[PDB]
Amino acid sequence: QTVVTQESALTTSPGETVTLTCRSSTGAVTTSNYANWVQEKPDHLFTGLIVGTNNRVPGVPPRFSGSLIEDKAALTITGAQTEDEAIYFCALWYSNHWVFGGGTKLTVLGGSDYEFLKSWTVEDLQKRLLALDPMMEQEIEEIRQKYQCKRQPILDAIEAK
């Protein structure tokens, strides 16, 4: 019965502040909803950002913060970066189950900016480079399995003649 509602889409530009909100159809969001914010990038790559209303997950940059504003949970990005273009989902706890919002597609104008990579160590860059290989192979195998399902009814129809 409870529905959690987020803006379907927002656009920002580099360095702006943007606020995403998360509303409960039961009434006000409170700390007892332990609001979460998580980020999805391609391909179905999720990371945690905030849990428990305002606790920033280790390693998440300080431009992300969580709060309650006017009976909603809110994620504020103070100084958006192009790497923040992603889908943001909230989740609220209601006594005995988690309920997710529908997600907000955040667009960041300005194309791709890779200056952040300059601050990484060569070791961490090499690690990120290698980590792309399992991601790629997983996507390829998923496609193979999609086509296995497309082929099967055709093979069955040929065999049934």
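A residue's number is simply how far along the shown sequence it sits, counting from 1.
Averaged over CA atoms, B-factors in the entry run higher in 67-75 than in the other of 67-75 and 82-90. Between 14-22 and 144-152, it is 144-152 that carries the larger average Cα temperature factor according to the deposited entry. Taking only the listed residues 130, 106, 60, 38, the entry reports the highest CA temperature factor at 130. When the C-alpha B-factors of 100, 116, 34, 46 are ranked from the entry, the top spot goes to 116. Compared with the other modelled residues of the chain, the Cα B-factor recorded for residue 136 ranks in the middle third.
Sorting the modelled residues of the chain by their CA temperature factor places residue 55 in the middle third.
For residue 2, the recorded CA B-factor ranks within the highest third of the chain. Only modelled residues enter the ranking.
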